[PDB]
Each structure stands twice: as C-alpha cells, then as structure tokens.
C-alpha cells in the first residue's frame, strides 16, 4: 500500500533505482509484471548448461556503473574467448583474421571500408550524447534511414554488406527500419565504432560468472518483500495528493513519486489519469524494440580452438540464419558452446520453425563456417526469442524510425508530474545496455531525491570512477586511417590531375 516511491519494473534499471532509494533511507516498492526479476536479462540454470544468459550478457571497458554495481553485489567477470582467430565468412568462404574488423586487401575496397567506419565516427562527434536532436544536421540525418546513408557512403558492395551486418547486430533492426541520426547517436554514445564492435577492449569483452541475472536477483535479495512479483501495473493516477498505482492482480499502491523503469513503448500498457501530455502520448507508440533470437549450441569440447579459431564468426549473406557468434564456453573450459544471434527480419522469418529445426540449421551453418564436421554433433541447445515477450517487446533495445528522435526525443526522460523515467533507453552512455540501465535507474532515483530536497541539483547526474578490474584502453587510429581518401575522394584527386 503506502510508500515513498513506487518503481515500475524490476529489471536492472528499476532494481538499481530501488537500491539507491532504499540505501538513502526511503521506503520503496518494486512492482514487477513477471514471476521473476531481471527483465531483458535472464539467466537459465539447469544441469546441462549449469547457467546461461539468454538475454543481456556482455560487459566491457567504459561500462563502469554496471561493473561497480555487480562488484558491490559480490559478482565477478571473466573474459570472452578471443585468444584465437576470428572468422569473416563472405560469399560462402571463411577468412580468418585478428583485430576487431575483418581486414580488406583490395585497395579500392580498403579505402571504402576505412572511410565508412571513419565517417560513422566523424558524424557521431557532431551529435551530443544527452541531446542528439541538437546535432547541427539533426533533421537532415533524422529524415533518412541507415539504408539511405549506407547507399550514399559505401562505394563497394563489400563495405555495404559489412555495414549492414553492423547495423543489424548493434540494434537488431534492418538498415531501412532505423533513423540515421538515431543510429549514429547510438554508436557514438557507446564510444564509437571500435568500442561497440570489439570483444577485446569493447562491449563484448566480458560476462558475469554465474550470469547477469544475478544483478537483479541479488538486489531483490537486499530489498526483501519490497519486490512484488506478478504485479503488472495497469493504472497510474496523479490527480490526488499521493500518486496511486494499480496492478492487474487488484492491488493499490500509494506513493509520493513513481519511477517508470520499463521500455518506453511498454508505457502503453498503463492507463494514465490525467492523460499523458500529447508528446509523450504519441512518442510511446513510435518506439519499437528490435528483433532477435539468442541461440546457444553446446558441444563436447570447444573444438574450434584446436583449429585456431576463437569461436567468433561474422557471417555475411541472406542464407545464413545467424550473422554473428561468440564462444560461450565457461571460463573453466567446460560446457563448450557457441552463442549466435538470429537478427532482425531473420528472427521473424525463422521463428516459424521448431527448436529442433533451428538447431539443425545453426549446426549446418557452423560446420560450414568452421570447416568442421564436429559442429554437426551438438550435445545440447538453448534459445530465446525475445520478440514473443509481452513485457519486453523485443531485444536488445528500442530503436527510432526516421523522423521520430528529432520530433519526440526531447520527452524521453522528461518527468510527467511525479513520474520519473528510468530504463536503459533514457541513458546517455551505453543506452541499450545493462550499463545504461544502471545510469538511468540511479539518475531517476536522484531526480526524486532532488525533488524531495535531499540532494542539490548538481548531484542528479553523477560521474563514475573507472573500474580497476576492467580498465579501458583508449581507441586509437593510425595516420593512414585518418588521412586516406574515400573512394569519391580518390576520384576527385584523379579528376584534378587529369584536368
């Protein structure tokens, strides 16, 4: 019934918010729709796998908030296997390599690839992390899809194909589905193309020992009966002195303030009194989440390592069900496994198949890419299609179609009377990730602390000390990478010398 703050949603963001408020001495309640906490993180435990992250899993350098929170809860990380060679599989052939991006030998194609990544980052530098709609060319960039941008920038099919995979992998959506401004912001706010795409020194460097679901679980343990499971919020009433929050199972909660820690579009599942202001009312119908099936195929041994492959496969082409894999073997070297994503339209296309049918297609793909018959001999399989989740809407995160971010972006984390907004989508650094969830949850909590006069305004947004355990190497470029011309750049140089 009565408390200081109701937190709607018991994912990492809601849990981080609730913990901060609880630690500050306030009475909090977490209303969680599901019979579990963790939301878009979910760690399955059984005999065959020990544990496996079926949702959010990876953490890395510069994600200091999630690392600090997890450390405080008694969790440890381990490094994803990247000892051996990565594979780029292109036009039915595998090309082993080292470093974050597949090397390109053709001088024209090399110029094109170099210019693509460089230009993505160049454009990103013009986009404020906390206000992407303030970019000088915000409207121009927001009014085109990533497909249009790639069509303009990529003078080779090779670059366009890799760039397309990059988009599909980063935001589980098609290039034609997403705003160029939003995608450029998304990459920039993760630290750029290298940081977002890298395993070593990037977002995919590490996993939590025992699974990421432990973050939300351990906070629930701390909060005790303050977390209410199977309480989907249906109604928020702000017409009276205290905010009234009603759940589907016929309970009423009364609070001074509310934190909405759910994906923005899932705000639609709540009836509001008074109605939301126009901009938020429409915004929450304009912001879908992406589409992905996370699939883990288990083997007797990490046989790929014997062939000097680390387990990372970047797989181009429509026919391949999975475009990206990582070694998901336990740090001890057992429960050998390959994690793969079925992305965007393929998640829709292949969802119709049975689990056994998908397992077969994945094994046949992996056998081909790894050139290994051992890939046809899985011992176990786990998967999760996040498109089917009523209380997620998809994974990993919310994407913005063309035109939306400039028109509606401003209201994403704007308070509505006594409702404040958390959730990873409202973060300014690693939004879309567990890191962003922590940033947003703690920021929303501190907005309320400020509203209560408990902290000054300049304490709402708080910097985070760098992790001592996961230090961040800087992202560097070479002279040639910075100054080599683009393809049209080269053609202008030829135009000049010929004239």
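Numbering follows the first chain given and starts at 1.
Stretches 307-315 and 345-353 differ in mean C-alpha B factor, with the higher average recorded for 345-353. Here the stretch with the larger average CA B-factor, out of 237-245 and 373-381, is 237-245. Considering 250, 358, 280, 207 together, the PDB entry gives 250 the largest C-alpha B factor. Of the candidates 26, 445, 438, 70, the deposited coordinates give 26 the top C-alpha B factor. Ranked within its chain, residue 450 lands in the highest third, by CA B factor from the PDB record. Sort the chain's modelled residues by C-alpha temperature factor and residue 256 lands in the highest third, per the entry. In the deposited entry, the Cα temperature factor of residue 30 sits in the middle third of values across the chain's modelled residues.
Among all modelled residues in its chain, residue 225 ranks in the highest third by Cα B-factor. Ranked by C-alpha B-factor against the other modelled residues of its chain, residue 76 falls in the highest third.
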